[PDB]
Ligand SMILES: *[C@@H]1O[C@H](CO)[C@@H](O)[C@H](O)[C@H]1NC(C)=O
Ligand SMILES: [Mg+2]
């Protein structure tokens, strides 16, 4: 969906210490929202290992069962390269999948 | 640095832009300490001849490392061994206040 | 939600009787035109000695503001503003007088911006209202704005931002900022 | 009481809350959605810290799943403010330096500030309870000024510092209130003799890189003096760019042209703006050096002038380090009569208290009657009132000791004093000559129970801001007709104190 964090009183020149500010959050229905405010002075010390939605998808896409961007050597490898198993009564079948990790050994 | 890498034949040497600013949103007036070095994997070698003491102008600055000075340092003048070596830059800037001090670095 | 509204009027000699009448009448109008749900009103008059002219209990049992405000006199003392405030936060916002927890807590400081003889400073009693969480509306009077250091005394009293909280008494549109801040609150 | 137009320190709501992180919040999206969007508006409060507040969020709905957000930026500031810059690992019972930077982002308006370092019994400062430490200064629009403040961490742990700056003919004030960590050393092993009677009666059932010699000397011909520094490095090869942070004794400034003369100097450089800065509040100076030597003394010196007249003057400070490393620094403080420029305090095994308040209760007032005399003697604070004779005197750099001969116990208090007893009263070296005190003279004295140095029976006495002392002549030294009025009020003070005792 969508999650947005913006100010809810645009009619302010510059926030002042001690003052109340109206924060407009837009978001997915029924969701629980987890917040933080950080002194950006922290990031002057360290900004490695910070969380991004795209780092999140990196993790998920890294986890994909497929191991090839494209086709395979034959009918079978197209399936297995994609993370699929094909098996028919006639005997044509995907090779065996014997490893949880992708087939480059020592990679 | 102007370009993310170091071009071996760039006659300019290397031009560097220093941006220094307060957290709240205002620009800083001061003076800088610029030191560079080389990293070979886990092996880092410091480059002492290149340190430049340089002013900082209304939240903006330019520094220039002339190719002449650059090449005088090098140990083995030109070889394939040099490739695979990356550069790191440590910056120490002091305010006009003399009080607050920041260590900064561009590596890789 | 729960609207707890407190009222703090200066009674010092610097308050000319006309300023004072305006105060009492403006408060009564403020409450009257704040005729609306779940708002509670309490009042104390402050000078060199203090006297709470009505508490919240006494108000939930007596809704007529005009009945609450008529008997009020001027004190003609010194001006212990800072001390008056701990009397507001420590007493008026006590459960014992009617104070409800998790209520919208507002203090209406009505003075000319001249504290004098007060043994207390603001650095203890203002951060107190903020650690207790009372939104502070200030109403300067007479020549509360002639001087420079008076009107800044007001922003010192008023919570930030002072442009949204500091108002003159004769101005009739001091309520609508707050009257409205509740309509979806 | 010169000028009536400033906001009272007593009404200066400081900046208080400086979390390095907060709002760990968790809020739920109940709003009726429009466009498929529930919208939430959480009215909050803005901390007393001036920085842009970055806001990071994550929406965990069970139907669509997780969702990071676009961080939100709330830009916070005031036109004029302070930020205070401290170290972290300071050491209890060691004089240190802090720097306070007031920024002014008003575009065209200069400012005059009266700013007080605020008093704290956990710190040996220049600020006693009653004797404020207010510095007056001026600021060019769109510029900030560095203010030094040298102190002693008297205690351990989380100590907060406060400074409240107020302005004239304008609106705002501000105050910084910031904690850090104080810690102990533990050595107490400096050149001890084998049995120095250090032990009590009732118990039991550092510049490693740098040479730095700084001495401030005076001038030949307001007042101008010489600053002298003398520096070196301890290593095998000479060292890289070294830096000096130098700060001005309260109300001081260097000689603008000798400053210029030195900057053209070899191996040295000070940019133009910190060199053509204005004489108005030119207060902190930074000088950078090309290299520093490991082989011999390379000194420097230059002039300092007195811009404002105040009787008491913060030590100057000089902090030197290699360009790369701040933490292996070396700091010296200067003062012309204070050797190594250190504040007077009073020290036992691991405790110290600040001895820098007025020497004794102020003398020479028009009023010297029995009426006020008794009033300051009938107060409850007065634990003891004695009359002794200046018997012996230990003079020294630190303090100057007056050995007092109690013959009579006029009013003992929380003290167990025997008749014909010899007890030790102290007076700081800064005070000695102001007292005009001579041995062999009788003295009638009084103080408080709090003003007792030590624990029984190895105790001492301290003359403080409110201690009262006065010499007592002999019988052959009061018969003069000129000296009548003194010895009159002495006789009537005594008898009415004696006969009546204290009222209560
Ligand atoms: C060590 O002795 C010197 C005087 O010889 C004194 O200045 C210094 O304070 C002493 N240090 C400690 C830790 O006692
Ligand atoms: Mg008054």
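Numbering of chain D is taken from Swiss-Prot, so the residues present carry the numbers 750-954, 1357-1372, 1381-1663, in order.
Method reported for this entry: X-ray crystallography, 3.4 Å.
Cβ coordinates come from backbone N, Cα and C, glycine included.
What Swiss-Prot records for D:873-D:1513 (among others) is disulfide bond. DSSP assigns residue D:1513 (disulfide bond) to a strand. When other Cβ atoms within 10 Å of the Cβ of residue D:1513 (disulfide bond) are tallied across all protein chains shown, the result is 21.
What Swiss-Prot records for D:1358-D:1489 (among others) is disulfide bond. All protein chains shown were included, and the count of other CB atoms within 10 Å of the CB of residue D:1489 (disulfide bond) stands at 16.
Per Swiss-Prot, the feature disulfide bond maps to D:1389-D:1458 (among others). Taking the Cβ of residue D:1458 (disulfide bond) as reference, residues of its chain lying under 8 Å away and at least six apart in sequence are, in sequence order, D:1387, D:1388, D:1389, D:1390.
Residue D:1506 (disulfide bond) carries a strand DSSP state (E or B). Within 10 Å of the C-beta of residue D:1506 (disulfide bond) there are 11 other C-beta atoms, taking all protein chains into account. As annotated by Swiss-Prot, disulfide bond applies to D:1506-D:1511 (among others).
DSSP gives residue D:1518 (disulfide bond) a coil state; it is part of no helix or strand. Under the heading disulfide bond, Swiss-Prot lists D:1518-D:1590 (among others).
Annotation source Swiss-Prot lists disulfide bond at D:1537-D:1661 (among others). Residue D:1661 (disulfide bond) falls outside any helix or strand according to DSSP and counts as coil.
Taken from Swiss-Prot, the feature disulfide bond applies to D:1637-D:1646 (among others), supported by experimental evidence. Taking Cβ-Cβ distances under 8 Å and a sequence gap of 6 or more within the same chain, the neighbours of residue D:1646 (disulfide bond) are D:1632, D:1637. DSSP gives residue D:1646 (disulfide bond) a helix state.
Residues or ranges marked as domain 'NTR' in Swiss-Prot (evidence: sequence analysis): D:1518-1661.
Every protein chain considered, the tally of other Cβ atoms within 10 Å of the Cβ of residue D:939 (N-linked glycosylation site) stands at 5. Swiss-Prot lists D:939 (among others) with the feature N-linked glycosylation site.
Reduced to three states, the DSSP call for residue D:1617 (N-linked glycosylation site) is coil. The N-linked glycosylation site annotation in Swiss-Prot covers D:1617 (among others) and is backed by experimental evidence.
Secondary structure at residue D:1573 (phosphoserine), as computed by DSSP, is coil. Sequence-distant neighbours of residue D:1573 (phosphoserine) (same chain, 6+ residues apart, CB-CB distance under 8 A): D:1542, D:1608. As annotated by Swiss-Prot, phosphoserine applies to D:1573, with the evidence given as experimental evidence.
Residues or ranges marked as region 'Interaction with CFP/properdin' in Swiss-Prot (evidence: experimental evidence): D:1634-1659. With a cut-off of 8 Å between Cβ atoms, the residues of this chain six or more beyond the region 'Interaction with CFP/properdin' (D:1634-1659) that come close are 1527-1529, 1532-1533, 1536, 1544, 1569-1570, 1603.
Neighbour counts were taken at the CB atom with a 10 A radius for the disulfide-bonded residues D:873, D:1590; the maximum falls on D:873. Calculated from their C-alpha atoms, the gap between residue D:1518 (disulfide bond) and residue D:1358 (disulfide bond) amounts to 34 Å. Selection of the recorded positions D:939, D:1458, D:1506, D:1511, D:1617, D:1637 by a Cβ distance under 6 Å from ligand 1 yields, in sequence order, D:939. Of all the recorded positions given, namely D:939, D:1358, D:1506, D:1537, D:1590, those whose Cα is no farther than the 10 Å limit from the Cα of residue D:1513 (disulfide bond) are D:1506. Rounded to a whole number, the C-alpha distance linking residue D:1617 (N-linked glycosylation site) with residue D:1506 (disulfide bond) is 15 angstrom. Distance between Cα atoms for residue D:1511 (disulfide bond) and residue D:1537 (disulfide bond): 30 Å, as a whole number. Scoring each of the disulfide-bonded residues (D:1518, D:1537, D:1637, D:1661) by how many neighbouring Cβ atoms lie within 10 Å, the top position goes to D:1518. Per Cα geometry, D:1590 is the residue among the disulfide-bonded residues D:1537, D:1590, D:1661 nearest to residue D:1358 (disulfide bond).
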